[PDB]
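Cβ coordinates were reconstructed from backbone atoms using ideal geometry, including for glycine residues, and neighbour counts include every protein chain displayed. Each value in this text was obtained by applying a stated rule to the coordinates, not by laboratory testing.
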Amino acid sequence: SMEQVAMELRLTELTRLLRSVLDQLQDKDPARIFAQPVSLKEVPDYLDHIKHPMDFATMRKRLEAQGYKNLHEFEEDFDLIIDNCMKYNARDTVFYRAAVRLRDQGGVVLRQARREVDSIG
């Protein structure tokens, strides 16, 4: 149908906007602490601590399969990156501190993306 196609164009455009959002967020992580999944070879107990691991490469795979229906879904995954790190790592660590900075800096970007998603529909 023509409606399914119009729907598919909106999803494609959301995917476009979310890609740019993801690039901006990932720039706030120049150390690449959140680039890739936590290694289960190097942290064998990680899944005893963290039930839903997340990272920027896993979000990117979802993004490119057009797997985010809306900004809320995308934000949930970003928040997992931050929140998992802040539980697993202690306050006085470079990892926890990196998550705090990413959260604080990502807020600005996410604040405008919400306005753009509402605005362009």
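The table below gives the values:
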{"read-out": "Long-range neighbours under 7 Å by Cβ, at least six apart or interchain, first residue surrounded by 13 or more Cβ atoms within 10 Å (Cβ to Cβ) within the stretch 81-102, second aliphatic (A, V, I, L, M) and assigned to a loop (DSSP other than H, G, I, E, B)", "value": "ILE81/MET54; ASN84/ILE50; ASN84/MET54; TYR88/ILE50; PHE95/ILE33; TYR96/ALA90; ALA98/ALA31; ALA98/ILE33"}
{"read-out": "Qualifying residues in the stretch 16-45 (those that are out of contact with any helix residue (DSSP H, G or I) (no Cβ under 7 Å at 6 or more places or on another chain) and part of a helix (DSSP H, G or I)) - the one farthest from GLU73 (Cα to Cα)", "value": "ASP27"}
{"read-out": "Scope the stretch 103-121; condition under 17 Å from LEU17 (Cβ atoms), in a helix (DSSP H, G or I) and either touching a residue at least 12 places away in the same chain (Cβ under 8 Å) or not hydroxyl-bearing (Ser, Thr, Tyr) (or both); matching residues", "value": "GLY106, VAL108, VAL109, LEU110, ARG111, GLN112, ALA113, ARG114, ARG115, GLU116, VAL117, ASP118"}
{"read-out": "Residue identified as farther than 21 Å from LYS61 by Cα and either in contact with a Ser or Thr (Cβ under 6 Å, 6 or more places away or on another chain) or part of a helix (DSSP H, G or I) (or both) among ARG97, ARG91", "value": "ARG97"}
{"read-out": "Selection status of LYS69, of a type in the set (D, E, K, R) and part of a helix (DSSP H, G or I)", "value": "no"}
{"read-out": "Output for the stretch 1-15, where each listed residue is of a type outside the set (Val, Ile, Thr) and either under 12 Å from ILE120 (Cβ atoms) or assigned to a helix (DSSP H, G or I) (or both)", "value": "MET2, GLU3, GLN4, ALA6, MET7, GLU8, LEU9, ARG10, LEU11, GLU13, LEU14"}
{"read-out": "Of all residues making up the stretch 1-15, the number that are within 23 Å of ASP79 (Cα to Cα) and either in contact with a strand residue (DSSP E or B) (Cβ under 8 Å, 6 or more places away or on another chain) or in contact (Cβ under 8 Å) with a residue 60 or more places away in the chain (or both)", "value": "2"}
{"read-out": "Residue pairs meeting the criteria (Cβ under 7 Å; at least 6 apart or on separate chains; first touching a residue at least 40 places away in the same chain (Cβ under 8 Å), in the stretch 57-77; second charged (D, E, K, R) and assigned to a helix (DSSP H, G or I))", "value": "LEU63/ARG19; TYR68/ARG62; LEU71/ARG114"}
{"read-out": "Matching residues in the stretch 4-34 - criterion: being of a type in the set (D, E, K, R) and within 18 Å of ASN70 (Cβ to Cβ)", "value": "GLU8, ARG10, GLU13, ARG16, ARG19"}
{"read-out": "Within the stretch 16-53, considering residues that are loosely packed, with under 10 Cβ neighbours inside 10 Å and either basic (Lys, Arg) or touching a residue at least 60 places away in the same chain (Cβ under 8 Å) (or both), the one farthest from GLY121 (Cα to Cα)", "value": "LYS41"}
